[PDB]
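For the sequence shown, PDB author numbering begins at 60 and goes up steadily by one. Following: one structure in structure tokens, then a few remarks.
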Amino acid sequence: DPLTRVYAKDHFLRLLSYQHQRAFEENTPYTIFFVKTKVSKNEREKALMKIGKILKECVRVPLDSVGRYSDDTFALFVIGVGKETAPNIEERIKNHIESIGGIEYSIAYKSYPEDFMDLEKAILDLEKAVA
Ligand SMILES: [Zn+2]
Ligand SMILES: [Zn+2]
């Protein structure tokens with residue numbers, strides 16, 4: 060069921076590279092978000108399923124995707140979201156994490172095409188920004 064699905068890293072990145080090509084072809088923007096959790100070992104399990112659900116909430120169309128990027132980082136891309144509306148989505152994610160309380164995290168986003176057009180560069184930059 061798509062409404063519950065979270066993709067493994069390489070699966071996620073394959074879907075992202077497809078979307079990157081489609082965005083180029085159709086002149087449509089999209090935005091990538093990274094969220095890294097920075098909590099103690101024995102609260103990692105809890106925060107993982109919670110931030111996962113929060114990012115799933117941002118999914119507006121079936122192509123939008125959430126991925127387990129690393130053992131403590133999630134990634135998300137949302138099609139049709141450019142520089143104008145990307146900050147609103149980031150604030151919503153932060154508000155949901157705030158509503159939970161007690162989760163330490165870093166968040167960053169890159170919008171195509173205004174922030175980047177080279178996908179591997181965006182990905183490297185997002186890693187550094189939440190590290
Ligand atoms: Zn909500
Ligand atoms: Zn490059």
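Note that the Cβ used here is the ideal one computed from N, Cα and C, for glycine as well.
> What are the residues that DSSP puts in a beta bridge with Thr96?
Replying inline: Along the sequence shown, read from residue 1 onward, the residue named residue 96 stands at position 37. Residue pairing by DSSP places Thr96 opposite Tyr164 in a beta bridge.
> Quick one: what does DSSP say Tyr66 is sitting in, helix, strand or coil?
Replying inline: As a first step, residue 66 must be located in the sequence shown, where it is residue number 7. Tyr66: strand per DSSP, three-state reduction.
> Comparing alpha-carbon positions, which option in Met108, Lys100, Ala167 lies nearest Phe136?
Replying inline: Within the sequence shown, the letter at position 77 stands for residue 136. Relative to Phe136, the option among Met108, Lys100, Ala167 whose CA is nearest is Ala167.
> Do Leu114 and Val98 have their C-beta atoms within less than 7 angstroms of each other?
Replying inline: Position 55 of the sequence shown holds residue 114. Position 39 of the sequence shown holds residue 98. Their beta carbons are not under 7 angstroms apart, which means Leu114 does not touch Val98 by this criterion.
> For ligand 1, which residues count as neighbours when the test is a C-beta closer than 6 angstroms to any heavy atom?
Replying inline: That query returns the following residues: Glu116, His155.
>> ligand 2 and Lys95: does any heavy atom of the ligand fall closer than 6 angstroms to the residue's C-beta?
In response: One-based indexing of the sequence shown puts residue 95 at position 36. Outside the cutoff, so no.
>> I need the straight-line Cα distance from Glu85 to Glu102, nearest angstrom please.
In response: Taking the sequence shown and counting its residues from 1, one reaches residue 85 at position 26. Taking the sequence shown and counting its residues from 1, one reaches residue 102 at position 43. Whole-angstrom Cα-Cα distance: 42 angstroms.
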